[PDB]
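Chain naming here is simple, since letters A, B, ... match the order of the sequence lines and numbering starts at 1 in each. Both backbone and side-chain heavy atoms feed into the values below; hydrogens, waters and symmetry mates do not. Just so you know, ligand 1 is whichever comes first in the structure, and atom 1 is the first atom listed for that ligand.
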Amino acid sequence: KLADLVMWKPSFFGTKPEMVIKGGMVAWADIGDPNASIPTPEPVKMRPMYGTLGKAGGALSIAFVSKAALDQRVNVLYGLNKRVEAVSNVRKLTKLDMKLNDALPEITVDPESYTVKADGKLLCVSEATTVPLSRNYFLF
Amino acid sequence: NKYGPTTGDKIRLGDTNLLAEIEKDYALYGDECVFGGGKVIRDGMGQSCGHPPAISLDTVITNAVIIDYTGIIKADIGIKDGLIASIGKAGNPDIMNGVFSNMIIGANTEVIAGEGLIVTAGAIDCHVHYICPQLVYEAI
Amino acid sequence: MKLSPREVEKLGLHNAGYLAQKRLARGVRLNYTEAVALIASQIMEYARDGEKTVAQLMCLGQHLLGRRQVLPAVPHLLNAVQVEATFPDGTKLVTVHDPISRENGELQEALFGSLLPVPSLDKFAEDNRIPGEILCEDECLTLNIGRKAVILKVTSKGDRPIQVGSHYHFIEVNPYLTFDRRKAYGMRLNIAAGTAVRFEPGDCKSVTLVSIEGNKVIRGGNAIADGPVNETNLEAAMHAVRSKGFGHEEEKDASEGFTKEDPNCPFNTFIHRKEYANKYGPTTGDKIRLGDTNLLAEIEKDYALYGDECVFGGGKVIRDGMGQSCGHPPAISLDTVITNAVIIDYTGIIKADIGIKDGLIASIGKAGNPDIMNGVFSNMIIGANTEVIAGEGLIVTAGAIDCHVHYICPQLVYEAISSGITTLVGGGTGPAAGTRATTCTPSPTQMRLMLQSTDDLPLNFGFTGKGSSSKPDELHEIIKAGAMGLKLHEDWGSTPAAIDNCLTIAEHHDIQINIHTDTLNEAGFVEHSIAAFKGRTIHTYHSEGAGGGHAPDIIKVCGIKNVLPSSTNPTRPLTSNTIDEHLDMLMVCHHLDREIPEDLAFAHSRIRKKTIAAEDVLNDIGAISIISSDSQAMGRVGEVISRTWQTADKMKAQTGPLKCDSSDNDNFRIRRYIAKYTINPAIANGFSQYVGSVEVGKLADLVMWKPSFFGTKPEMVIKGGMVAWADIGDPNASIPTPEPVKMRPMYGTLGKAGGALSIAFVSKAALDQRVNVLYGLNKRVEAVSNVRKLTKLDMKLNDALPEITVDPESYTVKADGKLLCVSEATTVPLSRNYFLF
Amino acid sequence: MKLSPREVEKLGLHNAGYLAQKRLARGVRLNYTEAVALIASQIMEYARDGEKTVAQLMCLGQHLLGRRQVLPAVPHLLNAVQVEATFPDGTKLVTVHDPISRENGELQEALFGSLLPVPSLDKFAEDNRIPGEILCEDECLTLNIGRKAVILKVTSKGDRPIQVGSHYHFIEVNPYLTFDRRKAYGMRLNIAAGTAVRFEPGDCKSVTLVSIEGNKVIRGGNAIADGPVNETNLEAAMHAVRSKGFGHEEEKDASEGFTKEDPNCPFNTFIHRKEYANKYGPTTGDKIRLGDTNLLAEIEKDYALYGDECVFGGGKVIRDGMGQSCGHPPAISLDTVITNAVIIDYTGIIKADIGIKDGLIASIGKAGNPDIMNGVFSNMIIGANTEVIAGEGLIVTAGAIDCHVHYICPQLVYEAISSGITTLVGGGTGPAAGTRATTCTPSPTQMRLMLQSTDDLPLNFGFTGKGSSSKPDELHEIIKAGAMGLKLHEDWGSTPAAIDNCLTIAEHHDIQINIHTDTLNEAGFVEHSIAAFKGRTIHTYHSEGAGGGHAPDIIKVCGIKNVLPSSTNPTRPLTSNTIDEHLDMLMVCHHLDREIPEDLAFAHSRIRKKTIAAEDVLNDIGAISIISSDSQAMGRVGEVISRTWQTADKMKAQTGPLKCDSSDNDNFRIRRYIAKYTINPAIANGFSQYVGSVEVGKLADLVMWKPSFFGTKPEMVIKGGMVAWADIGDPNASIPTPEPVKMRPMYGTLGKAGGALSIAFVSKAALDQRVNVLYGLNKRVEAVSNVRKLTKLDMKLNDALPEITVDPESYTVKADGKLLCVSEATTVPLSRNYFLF
Ligand code: NI
Ligand code: NI
Ligand code: NI
Ligand code: NI
């Protein structure tokens with residue numbers, strides 16, 4: 001598969017990644033003062049890297065289209081530099097093809113109370129007063 | 001104060017203790033190429049109207065103090081096809097002496113006013129780590 | 001064998017020569033083409049034998065064919081035969097001058113090396129034209145009138161010959177010529193433009209000089225008197241003369257005066273019309289026979305100023321400071337100038353120089369250098385960066401436009417341009433049955449493919465989709481894809497429902513609709529199809545009907561105002577073999593059986609001598625506005641032009657001059673007919689602002705013709721200002737004229753040059769879509785337009801709208817109640833005198 | 001007919017055959033080309049009859065033509081005739097070996113199927129060369145000297161034949177061969193490179209082996225002894241031998257020693273020079289006759305190490321681990337290697353392998369595999385990714401450079417490359433009158449169009465503008481547009497004012513100026529034009545004058561230091577037909593009349609036997625530095641090379657060896673002349689660092705020639721390292737040699753390959769403008785340079801500067817007071833023996 005990968009520090013996992021690799025090349029990454037002797041001094045911000053300049057972006061990615069469009073060679077017609085591939089195998093799929101999320105409970109919803117049940121069991125969950133990956137990381 | 005210094009004058013580089021002395025000047029006092037309303041670079045005057053179209057400079061940098069390892073001089077700089085076409089006294093040979101065929105200011109010539117300024121070659125950094133594109137911007 | 005290209009070529013030439021020898025052997029009187037092939041091949045054979053020298057063959061070549069062994073026109077057409085061959089001392093060029101010099105040739109020599117039996121002289125069985133002959137009044141023209149003049153004695157003090165051209169600044173001549181330099185200042189020789197005067201060492205000749213004109217600025221030469229003619233520069237010049245040692249001797253009593261329109265004036269130089277025409281082509285009043293037809297074109301006007309003709313060559317007019325300007329800005333120099341061209345266009349028959357700039361016709365008039373010539377406008381300046389195409393003695397016309405093309409194969413494209421066609425409009429995708437029957441490029445993918453396929457070909461192209469549908473849906477798509485028009489064809493269904501829908505689509509997209517009606521009268525008769533038009537503009541293909549259409553009266557459309565009618569060329573004109581040929585062509589193409597009465601009835605209802613005869617007349621009176629091919633689908637792509645002229649020729653022969661014709665020439669008929677394959681086709685299809693005529697601003701799609709071969713085989717085809725195809729001989733030859741001379745593709749056909757010289761015409765919807773970008777086309781793309789408000793009245797010189805009737809039983813056709821009778825021709829010009837087969 | 005390409009081709013072959021039959025029928029002694037055509041055509045006819053088998057025709061084909069029915073050289077040139085035809089049992093290949101085997105052929109058979117009368121034998125009328133013959137001293141060469149050697153008995157225990165090649169690692173051979181594997185370690189057969197030894201089942205033969213050299217690394221085979229030759233690997237190898245069951249038997253007393261330069265040494269393998277030359281082409285000391293001329297080229301040196309020749313083929317040297325390296329980095333493998341080439345270049349006549357990399361000549365020397373061969377440098381390594389062009393027996397030269405080209409039509413480009421020309425310099429826009437007369441591409445739009453037009457053609461191109469102007473303005477523009485030079489022509493005006501201005505422009509742009517002077521002496525005599533040069537560098541076209549120039553002494557320029565003089569080819573060399581041919585060529589091209597004394601006087605003043613004769617001598621002594629065509633404008637594009645050699649041939653025949661020539665060969669004269677169409681043209685135009693000679697770093701534009709056809713018809717033309725054109729036969733044939741064999745375009749001419757293999761030369765102003773980008777050119781573009789400081793002294797081997805005088809009345813020419821007399825040749829080589837016509 002394409003080398004579209006994201007690097008994370010465990011302490012910042014799920015919130016702010018270190019770098020985003022697109023098609024094997026760094027597309028975006030945390031970098032500080034560009035005039036600095038090293039790349040870590042402030043201000044450190046997520047910034048576009050070489051994968052975003054010139055036509056590099058297209059060489060690292062794919063524009064997904066239908067097979068009719070590819071048969072038409074829209075990639076040529078439109079003068080696209082980005083690689084183009086057709087989507088496929090989506091008409092024989094069922095919930096069972098969803099990896100680790102193939103549950104098919106019988107859902108009912110009370111018309112008046114809106115109470116929801118899965119296979120006759122109540123789906124109760126109190127509201128959270130706080131969530132992680134928030135206050136510890138964002139400026140605003 | 002009008003055309004930048006000439007032979008013998010000295011210029012302090014920034015707020016350093018270094019003094020650069022103009023070693024020579026290609027100008028002929030009185031025929032300086034100065035652009036502006038009622039000034040020298042105008043049709044039939046400092047701007048030639050009797051030479052072939054093809055030899056008009058693309059751009060002329062007027063009255064520049066040049067600091068280069070080859071010397072510190074005062075001269076006009078002619079640019080053609082993105083290259084340094086000439087260094088010396090620019091203008092119109094129809095009314096000025098000392099204007100060679102490669103330093104003619106014509107109708108199709110742009111003007112960059114160098115009077116009072118120092119011109120140097122663009123710097124060349126040969127130990128660059130292409131860590132991020134932002135340092136390229138900082139560099140130029 | 002390790003055969004080089006030229007050897008392969010020469011083998012072909014030999015083959016043609018052998019064919020000619022076999023024909024000669026049975027007593028055939030050879031035509032121009034066969035005579036050339038035979039003579040050139042014989043020269044090669046004698047060279048192979050190694051027993052004859054170049055000088056000997058220049059002589060033997062004149063004894064091969066006599067007047068009795070060739071057609072009457074041959075002695076007139078055949079000035080010389082050239083060919084190179086490998087002699088014992090290498091490759092040598094041999095030119096046989098005036099080959100037909102005797103009554104009977106030495107046939108054993110004509111057949112040398114063929115092993116064919118020599119025929120007895122009685123085997124060659126015994127007043128026609130001089131093809132392309134020029135007719136001039138017995139009169140002289142006066143050169144350089146209205147100028148100051150002087151006669152000076154010029155003595156040569158050199159030990160080598162000195163020759164001076166007509167437009168050389170006389171004071172600038174070789175220092176070894178002695179004469180009064182002061183009197184020569186600002187003057188030039190008063191002699192025919194392009195000629196010179198020769199001074200052998202020690203010679204002294206009196207010469208007449210005339211003042212230069214225009215801005216009167218001297219430039220070039222020895223830079224003795226550079227600058228505007230005036231007192232100050234004269235003195236500077238004389239100082240240079242003495243200083244540099246240029247021969248000078250005052251001639252105090254040299255006769256001085258002015259040139260004028262006076263036969264008695266001693267300073268004048270005269271030239272007979274005959275010699276003038278032989279040098280620069282004819283001028284006002286002269287007449288030219290078009291090919292071997294009976295048509296005579298008269299020069300209506302000439303922009304030249306006698307004496308200042310632009311002639312290129314050694315010692316001639318187009319040289320630095322002389323005819324070639326040296327005092328104008330670089331940007332305004334013409335890219336190319338066609339000098340002394342006889343222009344035949346529907347707008348008139350004139351004599352003029354043609355200026356080309358950026359692939360467009362920049363100007364028509366008097367070209368040259370305004371520094372020494374009068375009447376040279378800023379847009380006709382010949383400069384250092386100007387190329388020269390010599391038009392003197394030739395006819396120039398707009399490139400032909402065939403608008404009924406079936407893109408069955410690419411080879412017919414080559415045949416088309418080699419005949420003088422530079423624009424093609426039709427439909428097709430190759431030899432598929434659909435295309436073999438109709439001018440349709442059905443799908444958007446084939447539209448894209450055909451546009452990409454022909455993108456490097458040096459011709460303008462227009463593709464039409466299939467309009468035979470009762471719904472607009474698919475029509476919008478093919479038009480958006482690039483179609484510049486639509487074809488309604490009975491094979492796809494030409495019913496009232498389809499006709500109406502198609503025309504409604506046309507009203508919205510501003511494209512022309514071409515139609516091949518319901519021959520079977522299945523959904524209705526001709527009046528019903530016309531009703532379906534609902535007064536909307538439509539182009540009826542092969543309106544006579546042999547090519548298809550309501551039987552037997554489709555020709556009635558020629559009298560309908562909103563109809564732009566065209567005819568295809570196989571029925572042009574009605575000749576002895578026409579009916580038999582067409583009847584069988586039809587049945588073979590529809591797989592019909594003569595023995596089946598139904599099939600025969602159908603065939604006879606569609607191939608009618610009466611409607612074809614009427615078509616001759618209708619074309620002549622301007623009731624049919626266009627002539628097209630219907631290439632390889634009941635039509636010949638290389639005969640759109642010749643067929644047009646053969647029709648005009650036949651009509652003149654049988655009915656005489658047209659009402660609007662003068663009786664001293666056939667200019668009107670000529671203009672009416674040339675409009676049929678040039679301007680009218682462009683107007684009907686919506687791109688008349690780009691091509692269709694020799695007018696300023698339009699593309700420089702031009703064809704050069706020798707009068708003797710006009711309407712049959714052109715000299716060269718210019719596309720977008722560059723030569724695309726042209727007659728050229730042996731590529732290894734020392735010159736470009738030796739055999740075999742064939743029409744060949746030139747630089748305009750290599751790489752992507754073709755696209756840079758042409759236009760792919762599409763609909764405005766397609767251009768809005770930018771299909772040119774989407775398809776990666778290199779050829780320029782423009783949208784067709786202004787085709788929905790056209791009527792027969794917009795067809796140039798072919799706006800006749802007679803009421804046509806057709807007798808249901810006899811098929812007798814009448815125009816406004818008058819019979820359209822014309823006997824069939826037993827022969828036609830532009831045929832036997834020119835083709836090998 | 002539904003004719004396939006091959007059927008059309010075979011019809012052409014038959015036509016050539018019939019031509020040959022008719023010639024034979026009248027008693028003509030056929031040349032090589034005609035003999036092949038006739039024999040091949042007859043084989044096809046007999047096959048059509050279906051009465052003869054392949055075996056029968058292999059025999060009948062030898063009885064068709066006898067020695068008496070063909071030219072004397074034919075029996076030498078004609079080794080075999082091949083052709084395929086449809087027999088009753090399908091298509092079959094027939095090879096007629098040594099067809100000329102009898103005194104008289106069975107002419108009824110030679111004429112079979114032609115219906116031509118059989119000529120009596122007396123009709124064929126009765127000491128010349130062996131074209132391309134190799135001359136060798138009666139001597140033997142010693143192979144693989146200085147190596148360890150051993151003689152071993154090898155027994156086959158297999159039931160099938162086993163054959164081993166010269167460079168196969170012996171210990172790696174078939175396990176069914178039994179011998180002392182330990183002694184064979186690191187050794188190979190001491191036999192002629194490319195040969196083998198065959199072992200029939202049960203056979204036992206003693207063979208001499210020699211040690212491999214270079215790095216001495218074994219690779220490939222059965223991987224028995226892979227690795228560097230040493231004690232440790234030997235033991236590992238013997239263990240593998242025993243372990244895997246490879247036949248091994250110790251031969252304790254096998255004779256061992258070393259090979260040396262000793263005729264008595266028992267381990268040596270010798271080969272006579274005759275057989276060596278027949279296998280690998282000649283070596284040092286041998287001489288080769290160029291075509292059927294009288295010139296003999298002697299190999300000055302050979303980079304080969306006898307025994308290690310790179311020969312490709314089954315069981316030969318260029319195979320994995322053997323001659324083909326298997327131990328170097330991928331990136332340094334040559335793209336292509338031309339093996340055993342006899343190189344003829346102005347820098348010398350040598351024998352060597354030629355390495356090609358990235359379209360450039362990467363190396364010249366000894367190629368191969370350094371793992372087993374000595375003397376193979378890192379830049380001449382043959383690897384897995386290396387293609388092989390077999391040069392053994394052939395001559396390789398740089399592609400020719402024609403610098404006086406009129407781009408009149410594209411067909412002459414094809415003729416040019418098919419003859420050995422890979423670079424064209426000149427001007428034109430197609431067949432326009434301007435171009436037909438001068439080498440000028442006038443406008444920037446035509447400059448762009450011509451560059452785009454020729455962009456896919458596999459030749460380097462240089463276009464020149466019109467320099468005939470007294471102002472610099474327009475010249476700057478055409479140069480900026482892409483012109484790499486300018487042409488001053490009298491037809492546009494070659495006056496002192498224009499000459500001076502043009503040269504001033506040249507000094508600024510660093511481009512060369514080519515000039516056709518004022519033949520009419522209108523503005524001055526030759527001394528005045530020379531004065532106008534003001535000592536500046538200029539190239540004088542056709543310096544002799546027949547092609548144009550001050551009458552009658554333009555040839556004086558050959559003695560001017562700042563003049564780089566060239567000649568055009570129709571006057572090369574002076575022969576019996578030259579004068580008559582040229583006189584008429586001139587008058588026909590200028591429309592002159594013999595009956596008009598002025599016209600005749602002009603013609604006689606320009607076509608002079610005396611100056612043409614002088615031109616022969618001036619070229620011979622190096623006073624004229626270049627030979628060009630003047631294609632279709634008084635010149636033949638396909639004869640730049642042949643004419644050069646015919647001149648050298650004539651001069652040797654009439655004056656003998658040159659002063660600087662050795663008397664055992666004509667190497668110096670050969671080098672002097674080849675420089676005329678290779679290096680000199682490139683130096684004069686400013687691109688000698690790219691092409692012009694067979695030297696490392698330059699483009700691999702090379703031509704392969706068979707000695708017998710040298711100077712006339714090459715085998716293949718390599719452009720930028722890829723075959724552009726080559727001799728190839730019937731494309732449907734089982735092999736590439738059967739008839740018809742013709743020069744044909746190869747893969748280097750398809751798609752955009754042509755541009756990838758070539759360079760479009762432009763001015764530095766144009767490159768600064770990036771016209772390559774602006775014009776969308778795929779072909780590489782480089783700027784010309786270093787042409788303004790050149791003098792006659794910079795013309796390689798043609799730097800002679802004699803003082804030339806021309807008698808004003810007699811036209812007698814003298815060099816330093818000495819007469820330049822040379823009688824006209826009645827015949828020339830490189831002609832009758834090769835061309836069909
Ligand atoms: Ni039709
Ligand atoms: Ni049709
Ligand atoms: Ni010339
Ligand atoms: Ni020339």
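In this structure, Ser631(D) OG and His406(D) NE2 are separated by 6.5 Å, a value rounded to the nearest 0.5 Å. Between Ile513(C) atom CD1 and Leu503(C) atom CG the span is 6.0 Å, to the nearest 0.5 Å.
Taking the six-membered ring where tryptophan is involved, the planes of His542(C) and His516(C) are perpendicular, since the angle between them exceeds 60° and thus also 30°. Using bins of under 30°, 30° to 60° and over 60° for the plane-to-plane angle, the ring pair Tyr541(D)/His404(D) lands in the parallel bin.
Within the coordination shell of the Ni ion (ligand 4), defined by N, O or S atoms under 2.8 Å, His404(D) is present. Under 2.8 Å from the Ni ion (ligand 4) lies an N/O/S atom of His406(D), whether from backbone or side chain. Coordination check, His542(C) versus the Ni ion (ligand 1): passed, since an N/O/S atom of the residue sits under 2.8 Å.
Distances from the Ni ion (ligand 4) to the N/O/S atoms of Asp630(D) are shortest for OD1. For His516(C), the N/O/S atom at the shortest distance from the Ni ion (ligand 1) is named ND1.
A salt bridge does not link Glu415(C) with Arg636(C): none of the charged nitrogens is closer than 4.0 Å to a carboxylate oxygen.
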